[PDB]
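Same chain, two forms, each on its own as structure tokens: structure 1, then structure 2.
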Structure 1
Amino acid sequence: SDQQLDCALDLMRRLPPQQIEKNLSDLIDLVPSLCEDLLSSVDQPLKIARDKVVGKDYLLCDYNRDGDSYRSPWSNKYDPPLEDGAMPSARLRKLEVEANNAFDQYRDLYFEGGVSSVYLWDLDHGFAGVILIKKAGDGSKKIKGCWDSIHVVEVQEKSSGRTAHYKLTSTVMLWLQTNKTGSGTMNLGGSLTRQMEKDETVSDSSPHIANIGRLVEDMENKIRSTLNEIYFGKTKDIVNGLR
């Protein structure tokens, strides 16, 4: 069923992204045996939930889900409450708290608003994490805009702890909708995904969060520029090539 997963992911690259959530739900109904693999590999728009303990929003996706509950990066608890859901190790949780604080500052500097969340998980010889950012324009503008960043980092640690190998797979979803007299309904939406890997020294002057921060920042800046080119350049030139 590598073949089936490849076909399902190809379909998600082709079906209109305006229906990205219904596309995934329909796919899971079509091939229920793929459910777990699809929830892992098919990115979805980020949803917001309230951590009632801290009065702060956090982001939901498959990477903080267990059963039908989601874990807050602020409280480290599942909602609704769960017995024995997947949890980062004690030491990884400390890194996760530190990463959440670093990425909230990153989010403020670049997005001047929105919501961020970071979720880490242990691997056999390292760890992995997702850094999530959601920013929506005012939905009262009938000129709707939303940005989702999904950055998944795998960190393979080496015995010394003086170097690590980082693999970053980043998706940005960008959604724009307008309903105007001249241009009628225009919905321009979807996502781009890119991947890169690097070895970096790990030290007190360059700890994991700094190494990950730089990779994320470099990738997101690059993707922002590519979105600009594709959305407002390429798709526009194509429209004008049709008539």
Structure 2
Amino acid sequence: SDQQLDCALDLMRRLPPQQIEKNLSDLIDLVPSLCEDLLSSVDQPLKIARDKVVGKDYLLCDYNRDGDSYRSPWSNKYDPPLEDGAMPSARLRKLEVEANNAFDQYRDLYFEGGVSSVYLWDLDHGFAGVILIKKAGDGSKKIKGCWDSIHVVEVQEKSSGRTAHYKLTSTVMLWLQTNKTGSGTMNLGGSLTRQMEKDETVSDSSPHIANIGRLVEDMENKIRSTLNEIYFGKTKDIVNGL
């Protein structure tokens, strides 16, 4: 059943990414016992929702889900409401608020639009989090694009509290397509995933969000370049060679 999981993940690597959601629901229908592991390890295009009590948008993924409800980072409330849904510890909720605000600014500075959300969760000897960013380009032109960032970070604090080990797994999904359908339609879409690890000083001048901010920024700057090379260089040279 880990060999089942690997086969399912191998499947998602080959099936057209233009159909991720439908293929994910089909795959879970096919192997129901894998539901939980599939939902956690299969990245999907990010969905937008409105938090009506605060009047801000937030992003949906498995990391803010419980039952069939989603938690907003602004109001810290599930929607539809939930009696008992997973919540961050009070200390961690505080950091989650600062992190949302911080990455809101990061998004403005790098994306000049789109939407971002940050969700944190407690671990035995640290904490983890996801940084989500969704930016659509001009959808009015002959060609339109969209960008989804999914940055999952795992943080292990050392006992001294002076260093921590940071583990980043980042997915960027990049979708470009012709507004025409079908004849003359062209769709270039999918995702790349990368990993970074780093030990870092943790102090009043280098707190968690700053250390995480830098890793996410480094990662995204690198992946942007890599996307450019893969999408517009590599797939194009393959086409040229057909």
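Rigid core (definition): largest C-alpha set, two forms, superposition within 1.5 Å. By convention here, residues take numbers in order along the sequence of structure 1, the first being 1.
Only one candidate in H125, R162, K142, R91 has its Cα displaced by 2 Å or more between structures 1 and 2 after core superposition: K142.
In the core-superposed comparison between structures 1 and 2, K180 has its Cα shifted by at least 2 Å. When the rigid core is fitted, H151 shows a C-alpha shift of 0.0 Å between structures 1 and 2.
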